[PDB]
Amino acid sequence: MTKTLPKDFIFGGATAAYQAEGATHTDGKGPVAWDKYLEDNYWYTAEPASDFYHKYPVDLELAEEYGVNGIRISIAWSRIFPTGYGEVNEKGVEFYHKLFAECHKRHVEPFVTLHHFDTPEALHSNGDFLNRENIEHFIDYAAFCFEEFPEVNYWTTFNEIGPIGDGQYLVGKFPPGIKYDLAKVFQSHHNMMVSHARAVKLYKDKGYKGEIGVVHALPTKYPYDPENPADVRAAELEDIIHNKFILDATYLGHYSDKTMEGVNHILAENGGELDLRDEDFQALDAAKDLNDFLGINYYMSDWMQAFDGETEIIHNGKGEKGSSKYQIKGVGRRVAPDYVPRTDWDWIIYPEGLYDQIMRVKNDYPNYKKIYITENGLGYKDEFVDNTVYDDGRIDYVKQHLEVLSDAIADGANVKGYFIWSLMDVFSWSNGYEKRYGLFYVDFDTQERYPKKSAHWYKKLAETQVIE
């Protein structure tokens, strides 16, 4: 009477270069914007992180012992080309060959991402992807990796395009630290999607042996009072800002009429210009059906309420329950429903949100082909005891979302894998090394890994395919 998952499902784990690797100034690694920014706006640094640069063999054996048969990893652009372009870095390129080879002998399939919040500094501090020049360097970087790494079967261009625009140009929690700039936000969603549509086409043109797709963040947006049109509209625009715009460029090749309408409105109220070239749309249009899979990242959902007041967004980074604030003029404000559970960082736990997103994608863009849940997990302050962590709360969060996939699948959604964030503990972008998410506890002082209760539970799940 319990739920099950397909016998051939991918039970993976996730990582990100900058969060896990460390060795920020080793073997010729070039700087990234986080280097100075963290040191200047936060209480922690990317060193030593979880020392993946040296620990990958230990993490992989463990991943293998506990049933992990998939792993998301990312290549550090600034490790291959320390300055974004120009000369390749011999030691960097060598490291990834060693890593992939280890994944392979350990039976953990590598899902490789080219860009994961780490544009080499040189180009970041030059307008990042708002600078069309940097689009060119990306495609070049991509093309090189496609050529140099033939051991890789699955490729993803960018990880979370929505969250970058949000973090860098709206909330300002990610460098440069710009706030309430809605023009940048869209121009960036647009520019990065072009970079993607070009990257995927080239991979398809050169005809390599594998699959390429995108990893999109898609938190479900719901109106506070569904019977209130003003609230409905509020969710509509919020969604357009974080999902529609991008989903459209992804599967339509262009932005739909409602997307464009909602966009113009938002820009009328807050001001701004969007630079869209015809050529930009040909590139987008060619790649619409070229995506093999779609990686959905999902953690929470949001309820929108209409609002006419000045925009203000406050980020709860220290995990002080209740400190978040988000209102945007002409859009709406977020109002957390009363009795729904939520973490100390204010992330509403709402499993059915995932199912809704899946069926939405499935119904709006039938050419999605295949879905993989590339990120899903619970960040909280684990209490290390008995050389473990009794993360029954984490097991509960995960168990509920897997149960919701089982239904999505049963209802006609082509979900073929799930990747818990993260395989092991890694520091958080704007929340420090406090917000733990891993299946394996990492004592940052000894870099020693201790399997938590969820690891054991994951093993069982992996090998039985029963969500019990």
# chains A, B, ... in the order shown; residues from 1 in each chain; ligands from 1
>>> residues_around(residues="residue 35 in chain A", least_positions_apart="2", cutoff="10 Å", atoms="only C-alpha atoms", output="PyMOL selection string")
chain A and resi 18+24-25+31-33+37-40+45-47+121
>>> write_last_selection(atoms="N, CA and C atoms", output="CSV table (one decimal), in the first residue's frame")
chain,number,residue,atom,x,y,z
A,18,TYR,N,32.4,25.6,-6.6
A,18,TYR,CA,32.7,26.5,-5.5
A,18,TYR,C,32.3,26.2,-4.1
A,24,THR,N,40.7,27.3,-3.8
A,24,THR,CA,40.3,28.5,-4.6
A,24,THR,C,41.5,29.3,-5.2
A,25,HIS,N,42.7,29.1,-4.7
A,25,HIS,CA,43.8,29.7,-5.3
A,25,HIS,C,44.9,28.7,-5.5
A,31,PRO,N,40.3,33.8,-10.1
A,31,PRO,CA,39.3,34.3,-9.1
A,31,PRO,C,37.9,34.4,-9.7
A,32,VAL,N,37.0,34.3,-8.8
A,32,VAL,CA,35.6,34.4,-9.2
A,32,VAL,C,35.0,35.5,-8.2
A,33,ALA,N,33.9,36.2,-8.6
A,33,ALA,CA,33.3,37.3,-7.9
A,33,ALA,C,33.0,37.0,-6.4
A,37,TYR,N,33.7,39.3,-2.6
A,37,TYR,CA,32.4,39.5,-2.1
A,37,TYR,C,32.1,38.8,-0.7
A,38,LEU,N,32.5,37.6,-0.6
A,38,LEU,CA,32.2,36.9,0.6
A,38,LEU,C,33.0,37.6,1.7
A,39,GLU,N,34.3,37.7,1.5
A,39,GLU,CA,35.1,38.4,2.5
A,39,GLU,C,34.7,39.8,2.9
A,40,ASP,N,33.9,40.4,2.1
A,40,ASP,CA,33.4,41.8,2.3
A,40,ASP,C,32.0,42.0,2.8
A,45,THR,N,34.2,32.2,4.3
A,45,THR,CA,34.8,32.1,3.0
A,45,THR,C,34.7,30.7,2.4
A,46,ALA,N,35.0,30.6,1.1
A,46,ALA,CA,34.9,29.4,0.4
A,46,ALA,C,36.0,28.4,0.7
A,47,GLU,N,36.9,28.8,1.6
A,47,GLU,CA,38.0,27.9,2.1
A,47,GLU,C,37.7,27.5,3.5
A,121,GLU,N,35.8,35.9,-12.5
A,121,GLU,CA,35.7,37.3,-12.1
A,121,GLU,C,35.9,38.3,-13.3
>>> residues_around(residues="residue 148 in chain A", least_positions_apart="4", cutoff="9 Å", atoms="only C-alpha atoms", output="PyMOL selection string")
chain A and resi 93+143-144
>>> closest_atom_pairs(of="range 48-95 of chain A", to="range 8-13 of chain A", cutoff="7 Å", atoms="only C-alpha atoms", output="CSV")
residue,atom,partner,partner_atom,distance
A:68,CA,A:12,CA,5.0
A:69,CA,A:12,CA,5.6
A:70,CA,A:12,CA,4.1
A:71,CA,A:13,CA,5.0
A:72,CA,A:13,CA,6.5
>>> write_last_selection(atoms="C-alpha atoms", output="mmCIF file, in the first residue's frame")
data_model
loop_
_atom_site.group_PDB
_atom_site.id
_atom_site.type_symbol
_atom_site.label_atom_id
_atom_site.label_comp_id
_atom_site.auth_asym_id
_atom_site.auth_seq_id
_atom_site.Cartn_x
_atom_site.Cartn_y
_atom_site.Cartn_z
ATOM 1 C CA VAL A 68 23.948 6.797 -5.024
ATOM 2 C CA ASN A 69 24.061 5.952 -8.754
ATOM 3 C CA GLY A 70 24.085 9.523 -10.047
ATOM 4 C CA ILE A 71 25.936 12.710 -9.142
ATOM 5 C CA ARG A 72 25.686 16.285 -10.273
#
>>> residues_around(residues="residue 292 in chain A", least_positions_apart="4", cutoff="6 Å", atoms="only C-alpha atoms", output="CSV table (one decimal) with N, CA and C atoms, in the first residue's frame")
chain,number,residue,atom,x,y,z
A,211,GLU,N,23.7,13.4,-23.7
A,211,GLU,CA,22.5,14.3,-23.6
A,211,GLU,C,22.8,15.6,-23.0
A,212,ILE,N,22.1,16.7,-23.4
A,212,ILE,CA,22.3,18.0,-22.9
A,212,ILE,C,20.9,18.7,-22.6
A,213,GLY,N,20.9,19.4,-21.5
A,213,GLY,CA,19.6,20.1,-21.1
A,213,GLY,C,19.9,21.3,-20.2
>>> select_by_dssp(residues="range 135-336 of chain A", states="helix (DSSP H, G or I)", output="PyMOL selection string")
chain A and resi 135-148+161-170+182-205+229-251+257-270+278-287
>>> select_by_dssp(residues="range 154-314 of chain A", states="strand (DSSP E)", output="number ranges by chain")
A: 154-159, 211-217, 220-223, 294-297, 301-305, 312-314
>>> closest_atom_pairs(of="range 290-381 of chain A", to="range 169-184 of chain A", cutoff="12 Å", atoms="only C-alpha atoms", output="Markdown table")
| residue | atom | partner | partner_atom | distance |
| --- | --- | --- | --- | --- |
| A:310 | CA | A:180 | CA | 10.6 |
| A:311 | CA | A:180 | CA | 7.5 |
| A:312 | CA | A:180 | CA | 7.9 |
| A:313 | CA | A:171 | CA | 6.3 |
| A:314 | CA | A:171 | CA | 7.4 |
| A:315 | CA | A:171 | CA | 7.4 |
| A:316 | CA | A:173 | CA | 10.3 |
| A:317 | CA | A:173 | CA | 9.0 |
| A:324 | CA | A:171 | CA | 11.4 |
| A:325 | CA | A:171 | CA | 10.5 |
| A:326 | CA | A:171 | CA | 9.0 |
| A:327 | CA | A:180 | CA | 10.2 |
| A:328 | CA | A:180 | CA | 8.2 |
| A:329 | CA | A:180 | CA | 9.8 |
| A:330 | CA | A:182 | CA | 11.7 |
| A:331 | CA | A:182 | CA | 11.2 |
>>> write_last_selection(atoms="C-alpha atoms", output="mmCIF file, in the first residue's frame")
data_model
loop_
_atom_site.group_PDB
_atom_site.id
_atom_site.type_symbol
_atom_site.label_atom_id
_atom_site.label_comp_id
_atom_site.auth_asym_id
_atom_site.auth_seq_id
_atom_site.Cartn_x
_atom_site.Cartn_y
_atom_site.Cartn_z
ATOM 1 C CA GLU A 310 7.071 50.864 -2.546
ATOM 2 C CA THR A 311 9.172 47.770 -3.291
ATOM 3 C CA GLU A 312 11.317 46.315 -0.509
ATOM 4 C CA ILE A 313 12.965 42.928 -0.232
ATOM 5 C CA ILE A 314 14.791 41.656 2.841
ATOM 6 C CA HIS A 315 16.629 38.330 2.874
ATOM 7 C CA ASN A 316 16.653 36.115 5.914
ATOM 8 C CA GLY A 317 20.251 34.910 5.691
ATOM 9 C CA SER A 324 11.981 37.774 5.377
ATOM 10 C CA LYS A 325 10.181 40.530 3.484
ATOM 11 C CA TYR A 326 9.351 40.707 -0.229
ATOM 12 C CA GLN A 327 7.118 43.213 -1.933
ATOM 13 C CA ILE A 328 7.414 44.611 -5.450
ATOM 14 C CA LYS A 329 5.529 47.601 -6.789
ATOM 15 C CA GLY A 330 3.057 46.575 -9.422
ATOM 16 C CA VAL A 331 3.671 42.926 -8.664
#
>>> residues_around(residues="range 220-229 of chain A", least_positions_apart="6", cutoff="6 Å", atoms="only C-alpha atoms", output="CSV table (one decimal) with N, CA and C atoms, in the first residue's frame")
chain,number,residue,atom,x,y,z
A,235,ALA,N,0.1,36.4,-8.5
A,235,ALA,CA,0.9,35.2,-8.7
A,235,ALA,C,1.3,35.1,-10.1
A,239,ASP,N,5.2,34.7,-11.1
A,239,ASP,CA,5.6,33.5,-11.8
A,239,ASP,C,6.3,33.9,-13.1
A,301,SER,N,7.4,26.8,-2.2
A,301,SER,CA,6.3,27.5,-2.9
A,301,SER,C,6.0,28.8,-2.3
A,302,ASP,N,5.3,29.7,-3.1
A,302,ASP,CA,5.0,31.0,-2.6
A,302,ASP,C,3.6,31.5,-2.8
A,303,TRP,N,3.1,32.2,-1.9
A,303,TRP,CA,1.7,32.8,-2.0
A,303,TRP,C,1.9,34.2,-2.2
A,304,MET,N,1.2,34.8,-3.3
A,304,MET,CA,1.3,36.2,-3.6
A,304,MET,C,0.0,36.9,-3.3
A,305,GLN,N,0.2,38.1,-2.9
A,305,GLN,CA,-1.0,39.0,-2.5
A,305,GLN,C,-0.7,40.3,-3.2
A,353,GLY,N,3.5,21.2,-4.2
A,353,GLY,CA,4.0,22.3,-5.1
A,353,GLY,C,4.7,21.7,-6.2
>>> closest_residue(among="A:411, A:434, A:231, A:65", to="residue 356 in chain A", atoms="only C-alpha atoms")
A:411
>>> residues_around(residues="residue 64 in chain A", least_positions_apart="6", cutoff="12 Å", atoms="only C-alpha atoms", output="ChimeraX atom specification")
/A:11-13,57-58,70-71,102-109,423,455,458-459,462-463
>>> residues_around(residues="residue 376 in chain A", least_positions_apart="3", cutoff="8 Å", atoms="only C-alpha atoms", output="PDB file with N, CA, C and O atoms, in the first residue's frame")
ATOM      1  N   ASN A 297      14.728  22.196 -10.256  1.00  0.00           N
ATOM      2  CA  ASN A 297      15.245  22.391  -8.903  1.00  0.00           C
ATOM      3  C   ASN A 297      14.040  22.888  -8.146  1.00  0.00           C
ATOM      4  O   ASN A 297      13.312  23.742  -8.649  1.00  0.00           O
ATOM      5  N   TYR A 298      13.793  22.337  -6.966  1.00  0.00           N
ATOM      6  CA  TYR A 298      12.605  22.727  -6.223  1.00  0.00           C
ATOM      7  C   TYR A 298      12.750  22.565  -4.734  1.00  0.00           C
ATOM      8  O   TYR A 298      13.067  21.481  -4.263  1.00  0.00           O
ATOM      9  N   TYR A 299      12.399  23.611  -3.992  1.00  0.00           N
ATOM     10  CA  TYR A 299      12.484  23.581  -2.532  1.00  0.00           C
ATOM     11  C   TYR A 299      11.225  24.070  -1.821  1.00  0.00           C
ATOM     12  O   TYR A 299      10.792  23.488  -0.813  1.00  0.00           O
ATOM     13  N   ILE A 373      14.554  15.445 -11.239  1.00  0.00           N
ATOM     14  CA  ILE A 373      14.554  16.412 -10.133  1.00  0.00           C
ATOM     15  C   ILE A 373      16.045  16.561  -9.731  1.00  0.00           C
ATOM     16  O   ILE A 373      16.613  15.700  -9.053  1.00  0.00           O
ATOM     17  N   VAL A 398      12.106  14.712   2.446  1.00  0.00           N
ATOM     18  CA  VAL A 398      12.450  13.967   1.252  1.00  0.00           C
ATOM     19  C   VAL A 398      11.371  12.951   0.940  1.00  0.00           C
ATOM     20  O   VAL A 398      10.794  12.984  -0.164  1.00  0.00           O
ATOM     21  N   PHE A 419      17.669  13.964  -7.502  1.00  0.00           N
ATOM     22  CA  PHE A 419      18.982  14.297  -6.942  1.00  0.00           C
ATOM     23  C   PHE A 419      18.824  15.113  -5.659  1.00  0.00           C
ATOM     24  O   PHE A 419      18.433  16.277  -5.700  1.00  0.00           O
ATOM     25  N   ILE A 420      19.185  14.538  -4.522  1.00  0.00           N
ATOM     26  CA  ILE A 420      19.054  15.266  -3.278  1.00  0.00           C
ATOM     27  C   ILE A 420      20.185  16.275  -3.190  1.00  0.00           C
ATOM     28  O   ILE A 420      21.276  16.016  -3.688  1.00  0.00           O
ATOM     29  N   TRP A 421      19.884  17.470  -2.686  1.00  0.00           N
ATOM     30  CA  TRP A 421      20.894  18.479  -2.496  1.00  0.00           C
ATOM     31  C   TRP A 421      21.119  18.437  -0.986  1.00  0.00           C
ATOM     32  O   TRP A 421      20.159  18.611  -0.233  1.00  0.00           O
TER      33      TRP A 421
END
>>> residues_around(residues="residue 402 in chain A", least_positions_apart="5", cutoff="9 Å", atoms="only C-alpha atoms", output="list in words")
residues 3, 4, 5, 351, 397, 407, 418 and 467 of chain A
>>> closest_residue(among="A:345, A:437, A:281, A:95", to="residue 29 in chain A", atoms="only C-alpha atoms")
A:95
>>> closest_residue(among="A:422, A:26, A:50, A:82", to="residue 444 in chain A", atoms="only C-alpha atoms")
A:50
>>> atom_distance(atom1="CA of residue 380 in chain A", atom2="CA of residue 448 in chain A")
19.4 Å
>>> closest_residue(among="A:210, A:167, A:410, A:359", to="residue 151 in chain A", atoms="only C-alpha atoms")
A:210
>>> closest_residue(among="A:54, A:7, A:416, A:342", to="residue 372 in chain A", atoms="only C-alpha atoms")
A:416
>>> closest_residue(among="A:451, A:319, A:309, A:86", to="residue 333 in chain A", atoms="only C-alpha atoms")
A:309
